[PDB]
Structures are given as C-alpha cells and as structure tokens.
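Single-structure report; data block below.
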Amino acid sequence: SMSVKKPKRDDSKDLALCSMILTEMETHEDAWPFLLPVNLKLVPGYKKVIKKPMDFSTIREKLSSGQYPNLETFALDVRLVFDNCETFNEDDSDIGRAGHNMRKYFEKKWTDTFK
C-alpha cells in the first residue's frame, strides 16, 4: 500500500531473457505453424473465429519496440499463440501436436528462467 512495498525483485534482465526464450521458440523444429501470422485472406474461418491472432514474429516485433510493459504480458501473448492453435486445430493433426509440444517447451523454459 502507500509507502509499504515488498522487496524489489530485479527485473533489469527480463527483456534480454524473454528475447532468449523467444529465440529458442523460433528455432524449434515444430515452430513452423507459429512463425508468421495466419493469412486471414487464405484461411477460411480464421478471421471470424480467432478474436486475437498472435504469432512469434508479432511477439518479436512487440518485444523489440517496447510494447511489453512487463514479463507477464509477454507470457500472455506466447500462451495466446497456443490457445489460438488449440481453438482452430484438432489435437490429432500435425499443427495440433506442434502446439502442444511448443507450449510444453515454453512453460519449462519459463519456470527454469524465472521461478
């Protein structure tokens, strides 16, 4: 509350560390469904169904241009990528499997870097 603060957690490396995680997600062999925005002209149903499209290249541009206020807003966009994937793709599909794999990969790196 006013003039009452928990001890200050060092957040000065968070930007660099989120960048590193994102590089690791970009270079994973199962990243290919997620590297670029879904083409809304060429994928019927996407535009109407997926209210907030998100992809690694959009996260990278937001990250590089100071559009994440803190590391939690960064995590919320990464998770959005996978939540969108689960919304639109059957679990038993190459893309559906890719999303589950990448979400696992991300959640481990997140825990190990920050928790």
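Going by this note's numbering, the final residue of the sequence shown carries number 116, and the count climbs one at a time with no gaps.
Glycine included, each C-beta is placed from N, C-alpha and C at the ideal position.
Since residue i contacts residue j with CB under 8 Å, what's their CB separation in whole angstroms?
i      : j      : result
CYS19  : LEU77  : With 8 Å as the limit, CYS19 and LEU77 do not qualify as a contact, their Cβ atoms being about 12 Å apart.
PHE89  : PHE57  : That pair is no contact at about 17 Å.
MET103 : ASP15  : Contact doesn't hold; Cβ gap of about 21 Å is too wide.
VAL79  : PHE107 : 6 Å
Once DSSP output is grouped into helix, strand and coil, what is the label at residue i?
i      : result
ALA32  : coil
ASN102 : helix
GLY97  : helix
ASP11  : coil
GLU91  : coil
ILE22  : helix
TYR47  : helix
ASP56  : coil
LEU41  : coil
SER2   : coil
Given residue i, which residues of its chain have a CB within under 6 Å of its CB, disregarding the five upstream and five downstream residues?
i     : result
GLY67 : none
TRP33 : none
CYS86 : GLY100
If you drop the 5 nearest sequence neighbours on each side, which residues of the same chain put their C-beta closer than 8 Å to that of residue i?
i     : result
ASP12 : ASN71, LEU72
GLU91 : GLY97
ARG61 : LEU23, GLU27
Ordered along the chain, which non-local residues of its own chain (more than five positions away) have a Cβ less than 7 Å from that of residue i?
i     : result
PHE83 : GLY100, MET103, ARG104
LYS53 : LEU81
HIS29 : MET103, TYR106
**Q.** Three CB pairs or more closer than 8 Å across the segment 5-25 and the segment 43-54
**A.** no
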